[PDB]
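Presented below is the structure to which this report refers.
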Amino acid sequence: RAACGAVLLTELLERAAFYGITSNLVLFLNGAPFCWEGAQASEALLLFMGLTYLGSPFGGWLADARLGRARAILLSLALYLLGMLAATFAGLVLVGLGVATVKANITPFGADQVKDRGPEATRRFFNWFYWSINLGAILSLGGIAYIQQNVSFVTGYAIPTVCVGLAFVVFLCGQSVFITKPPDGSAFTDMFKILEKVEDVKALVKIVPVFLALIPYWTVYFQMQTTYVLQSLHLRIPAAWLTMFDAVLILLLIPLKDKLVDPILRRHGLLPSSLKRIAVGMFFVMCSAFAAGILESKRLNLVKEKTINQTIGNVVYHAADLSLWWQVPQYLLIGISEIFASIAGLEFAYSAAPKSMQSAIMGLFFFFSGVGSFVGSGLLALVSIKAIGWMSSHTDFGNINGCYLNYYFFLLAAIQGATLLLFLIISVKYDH
């Protein structure tokens, strides 16, 4: 239909711009634009990310009553372009709000273009949606690297600006064929305060427990991502490309997963719902945490005998004799888990959402994921205390050797176990 293609393309540019912003924010804010403190840039980026996570439910509400699911995205992209065409705190707030609204509004609108075909069509569209997001991240990183290398640094913001602008142009061009739904609502507040609209309230209350189950999984996922990024510099490597291993792996795996799982699972006749797929993803996170803990424990045991100097980046991280390739099973497990879990959870959040406020539900889901990321950061901060020990190295970039991480990984695995059991209980209660 090419409408899903245009939606995917717009998501590609939006994700590319957002990932470029997140990667290069602190480097740009190193001190040239009157922010000359590492903590001041760190809190600026943290505030930007927190507002991005917080504004998604509000972006969904704005697309519930005032505007539809197309005018809202167009206005969000206009705000995006204005922000990248811009004291700076107001601009950062504008950019964060635009990102939140566009992220919370594209996905349900994208699934709406194909919903009539069938539930399997929605699953295929969401698979390709996540694939497009990851390809956008990879392309953004490669493009900014190529531009900063071949061309001078004067065009640093140029790539995000052209990405956002091109997204606006393709969205405007596609609007002529896109399928749109008129907005309605603002008549549900009195329904859940007394204790089709009644069944809507029942669906709304039944949705929440699965999100309360999913949030600690989000904390574990974000903490695991950060710890893997921080660990890969301490293994013998034969800038910031170490955070794209998962992206490359899932980019290579998603088409293979589709063509080599869905036809056979459909053929076998035992194709499960989304909750089972989320449970499988959490089980693979379990296995990933166990494998990472084992690998890091062996690396620390080898470090205790001798160390090897490394000079990756501007820091002088001291590495071990283990090659970086030894982390391939870890990232393979985490990629399989991501494919089986994130896509399934997104599909369930879209499908089980009320037929009239899908955008609000998806925004709430994204806000819950962000709150989980914050909870995981708080857990990392709590663990670093001297009363319990474990991680005891922050400095400017840290030195993990001589500091415990195996117990941290196994704590992550145990938290994942508790969450998996609790989510299994809620899934049984939901589908029974």
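Using the numbering of Swiss-Prot, the residues shown for chain A are 34-119, 156-264, 310-352, 366-559, in order.
Looking at the header, which is where the method is noted, we find electron microscopy, 3.6 Å.
Note: Cβ is positioned from N, Cα and C throughout, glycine not excepted.
Going by Swiss-Prot, these are the annotated features:
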- 49-69: transmembrane segment (TRANSMEM)
- 76-96: transmembrane segment (TRANSMEM)
- 158-178: transmembrane segment (TRANSMEM)
- 194-214: transmembrane segment (TRANSMEM)
- 222-242: transmembrane segment (TRANSMEM)
- 318-338: transmembrane segment (TRANSMEM)
- 405-425: transmembrane segment (TRANSMEM)
- 459-479: transmembrane segment (TRANSMEM)
- 490-510: transmembrane segment (TRANSMEM)
- 535-555: transmembrane segment (TRANSMEM)
Beyond the flanks of the transmembrane segment (49-69) by at least 6 residues, Cβ under 8 Å: 75, 77-78, 81-82, 113, 117, 157, 164, 168, 172, 205-206, 208-210, 212-213, 225-226, 228-229, 232-233, 236, 367
CB contact flag for the transmembrane segment (459-479) and the transmembrane segment (76-96), at least three pairs under 8 A: no
Interval of 45 unresolved-in-model residues, reported as the Cα distance (Å) from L264 through to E310: 17
Two-stretch contact, the transmembrane segment (76-96) and the transmembrane segment (318-338), at least three Cβ pairs under 8 Å: no
Intrachain residues whose Cβ lies under 8 Å of the transmembrane segment (194-214), provided they are six or more past its termini: 37, 40-42, 44-50, 52-53, 56-57, 176, 179-180, 182-183, 225, 228, 232, 366-368, 371, 374-375, 377-378, 381-382, 384-385, 466, 469-470, 473-474, 477
Residues from the same chain, set at least six apart from the ends of the transmembrane segment (222-242), whose C-beta lies under 8 A from its own: 39, 42-43, 46-47, 49-50, 53-54, 57, 61, 106-107, 110-111, 113-114, 117-118, 209, 212-213, 216
Å between Cα atoms of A366 and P352 (gap: 13 unmodelled residues): 14
Straight-line CA separation, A119 and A156, 36 intervening residues not modelled, Å: 10
